[PDB]
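I have placed the structure first, in the form of structure tokens, so that the comments after it can refer back to it.
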Number of protein chains: 2
Amino acid sequence: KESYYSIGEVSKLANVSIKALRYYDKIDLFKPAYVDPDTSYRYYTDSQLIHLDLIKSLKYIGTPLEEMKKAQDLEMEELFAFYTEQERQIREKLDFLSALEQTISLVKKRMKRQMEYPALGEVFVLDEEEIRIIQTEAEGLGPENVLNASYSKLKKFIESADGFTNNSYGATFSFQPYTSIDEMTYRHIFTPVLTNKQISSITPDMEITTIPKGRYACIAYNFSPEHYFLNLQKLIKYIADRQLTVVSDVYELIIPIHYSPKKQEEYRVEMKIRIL
Amino acid sequence: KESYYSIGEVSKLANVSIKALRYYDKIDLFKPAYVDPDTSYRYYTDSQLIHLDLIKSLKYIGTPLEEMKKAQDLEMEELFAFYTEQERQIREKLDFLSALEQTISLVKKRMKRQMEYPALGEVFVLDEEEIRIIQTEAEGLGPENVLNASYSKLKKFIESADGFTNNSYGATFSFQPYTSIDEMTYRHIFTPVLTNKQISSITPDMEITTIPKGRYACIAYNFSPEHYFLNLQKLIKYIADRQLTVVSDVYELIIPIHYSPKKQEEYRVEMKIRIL
DNA sequence: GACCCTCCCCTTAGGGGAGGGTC
DNA sequence: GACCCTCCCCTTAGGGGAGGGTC
Ligand SMILES: Cc1cc(N)c2ccccc2n1
Ligand SMILES: Cc1cc(N)c2ccccc2n1
């Protein structure tokens, strides 16, 4: 009243950066009442300070500045609706996070399983919770020529639903007394889901289906072309010896141990199978 | 296996932009296995595709890329903890929104009151819910020289707690048969709070206190220097006529109607007072 | 001494464009 | 024809810096 405010003065009492203000001047969001054409100084009336209440608030909810310009104009009738807009926008940014917390929280649950694990190369027998998965016909792939490009479509579907990618790759094959590895080929190959959001439009060549709750003879180890077969052998034997009775395929699960493109690639296999 | 992937090829099956990949090459986050020194083409092995699982996932939770570099290196023991990091980070980005939804939702509740309001210039008598506020000693300000710079400290406190600014300015003064306006000066001046988050460190010269639930003779109108006094008059009269009995100060509340720096400034006053 | 000014280079994570050179 | 390349200008909302000119 009866004098102007310098930008310092405004900044201080309005709690807003000098550089901030200058920018708002620049974009024609908030201009000083008067610019000294001699010194180019910016001066501000007490009246206009009120405009900042909005600019501040709108900022704190993080609406864009170009958006604020369209905002300040409209009067209350509409300003309400606008807020109601933000309100919904929030509730969704909020539904999105609430998803993540769950996803991460489960993804974690699954790494712990990997780490805290009885012992390698031996055949543990244990009780497992069910695991939801997306499957597909193997169309004659084997461990010899399987290839993670082979997973692309499943991945496209998972990532659209989970936003995470599967951090394990699976296949299944019939339990036989296999005498070689070239003897074996996969039946239907698969990857775990984490989310219950619909797969947007599932084609009839994926299959949503599960690895069921039940008793599993399973062996787990780090990968090497050689050990792969030999550990499988341990398994076949373990059953035959104990005269156990299988009721599924063998489920095989490849998991990376690090994603560093610098250390030499290292994978952890798990091969499970259901028995009574 | 036994051939490379072109960037197109990778992009398609990994569902990631060609431009995206090129960038990851540029930052040394994800390099092609091999660059043709003749054509500068980028070629990729099937092996390395696995690195994208992380890069993709990490992206979807929106960790920075420079941060991803530090991530891929560490092995599971730590990768867990890292996630546990994100987990907490989310829960807070989430506590922040959950605040907003509430804040906006109440801020809205209060605009509706403004709009849906019985009638202007007349004296309505009504029942009011309590309103929490921050007060301060008026130190001799009147409607004549009051000035919204006068509000700066309260605002600094509110904005630190609510993140919104008060979109109304208040004062109180003693109920007298005032014969002029120069006769009047404010007692303790104030602004509404919306949040229950502590004011970080409140100085002993603010006061958290309320406008209490109770019966209010109140009049509301658009502002003009002139009407201000005259509407107040209506009020004093209304009481005196009905022989009512006041139990508070008059509470006065200035609210902007638009924040457009283009339309001429327009404010809505409300003056309330408590009676039995 | 304290305050304000106008350039000017920078920070994410790429998208959209030329304009060649190869599939 | 289809695919890939390397510059190059751009998008938020300013912060941090010169290097003058005024308080
Ligand atoms: C990515 C991947 C997935 C498999 N299931 C696999 C099996 C045997 C050997 C190499 C393999 N690679
Ligand atoms: C910002 C503001 C706040 C008030 N309470 C007020 C009172 C009378 C006249 C002008 C005023 N301006």
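Please treat every number below as a calculation from the coordinates, not as lab data. Cβ placement follows ideal geometry from the backbone for every residue including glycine, while neighbour counts extend to all protein chains displayed.
The other copies place their residue A:196 label points at 3.0 nm from this one, listed shortest first, where each point is 7 Å from Cα along Cα→Cβ.
In Å, the Kirkwood hydrodynamic radius of the stretch B:79-152 over pairs of distinct alpha carbons? Numbers along the way, then the final one.
On the way: mean 1/r = 0.0569 Å⁻¹.
Every distinct Cα pair counted, the radius reaches 17.6 Å.
For the stretch B:148-276, with only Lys/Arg (+1) and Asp/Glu (-1) charged at the beta-carbon, what is the dipole magnitude about the Cα centre, in debye rounded to 20?
That gives the stretch B:148-276 a dipole magnitude of about 380 debye.
Placing a pseudo-label 7 Å from each Cα along the Cα-to-Cβ vector at residue A:17 and residue A:242 gives an inter-label distance of 6.5 nm.
Just from its helices, what would the mean residue ellipticity at 222 nm be for the protein assembly as shown, if runs of 4 or more DSSP H residues each count -39500 (n - 2.57) and the sum is divided by every residue, rounded to the nearest 500 deg cm²/dmol?
Details: 14 runs with 216 residues, N = 552.
When only DSSP H runs of four or more count, the value is -13000 deg cm²/dmol.
With the contact rule set at Cα under 8 Å and sequence spacing of 6 or more, what percent relative contact order holds for the stretch A:1-139? Could you put the intermediate results ahead of the total?
Values: 61 pairs, mean separation 21.0, N = 139.
Worked out over the stretch A:1-139, it gives 15 percent.
Assuming charge only on the beta carbon of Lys and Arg (+1) and of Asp and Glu (-1), the dipole of the protein assembly as shown about its Cα centre is about 340 debye to the nearest 20. Within chain A, the longest segment free of exposed loop sites, counting trypsin sites (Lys or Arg not before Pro) that fall outside DSSP classes H, G, I, E and B and have at most 16 other Cβ atoms within 10 Å, spans A:2-186. Please compute the average number of Cβ atoms from other chains found within 10 Å of each residue's Cβ in peptide A:44-53. The shielding value for this peptide is 5. What you get for chain B, charging only the Cβ of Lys and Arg (+1) and of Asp and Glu (-1), is a dipole of about 720 debye around the Cα centre.
Pairs to check: B:237/B:262; B:69/B:156; A:31/B:153; A:197/B:93; A:12/B:263. Give those whose C-alpha atoms are more than 32 Å from each other in this structure. Among B:237/B:262; B:69/B:156; A:31/B:153; A:197/B:93; A:12/B:263, the Cα-Cα distance tops 32 Å for B:237/B:262; B:69/B:156. The GluC sites (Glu not before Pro) of the stretch B:78-178 that DSSP puts in a loop, and whose beta carbon has at most 12 other beta carbons within 10 Å, are B:116, B:122, B:129, B:130, B:139, B:144. Summary of the geometry: the stretch A:160-200 and the stretch A:51-75, compared by the centres of their Cα atoms, lie 51 Å apart.
Across the stretch A:119-276, the relative contact order, built from alpha-carbon pairs under 8 Å that are at least six residues apart, equals 32 percent.
Along the axis of the charge dipole computed for the protein assembly as shown (Cβ charges of +1 for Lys and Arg, -1 for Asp and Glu, origin at the Cα centre), the listed residues A:261, A:131, A:37 are led at the positive end by A:131. Taking a ≥ b ≥ c as the square roots of the eigenvalues of the Cα gyration tensor of the protein assembly as shown, is the shape rounded (a/c under 1.5), prolate (a/b larger than b/c) or oblate? In terms of gyration-tensor shape, prolate.
Computed from the C-beta positions of residue B:262 and residue B:153, the FRET efficiency with R₀ = 41 Å rounds to 0.90. Counting other C-beta atoms within 10 Å, and keeping those with at most 14, which DSSP coil GluC sites (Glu not before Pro) do you find in the stretch A:183-244? In loop regions of the stretch A:183-244 (DSSP not H, G, I, E or B), the sparsely surrounded GluC sites (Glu not before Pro) are A:183. Computed 3J(HN,Hα) for the stretch B:198-209, one whole-Hz value per residue from the Karplus formula 6.51 cos²θ - 1.76 cosθ + 1.60 where θ = phi - 60°, is 3, 6, 2, 9, 7, 7, x, 10, 8, 9, 7, 6, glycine and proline marked x. Ordering B:106, B:79, B:96 by the projection of their Cα atoms onto the charge dipole of the stretch B:75-118, which places +1 on the Cβ of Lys and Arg and -1 on the Cβ of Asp and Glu, puts B:106 at the extreme positive end.
Return the FRET efficiency for the residue pair residue A:81, residue B:9: r is the Cβ-Cβ distance, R0 is 56 Å, and the value is rounded to the nearest 0.05. Here the calculated transfer efficiency is 0.70.
From Cα pairs below 8 angstrom and at least 6 apart in sequence, can you work out the relative contact order of chain A, rounded to a whole percent? Don't jump to the answer; show the numbers that get you there.
Working: 368 pairs, mean separation 46.3, N = 276.
Once divided by the residue count of chain A, the mean separation gives 17 percent.
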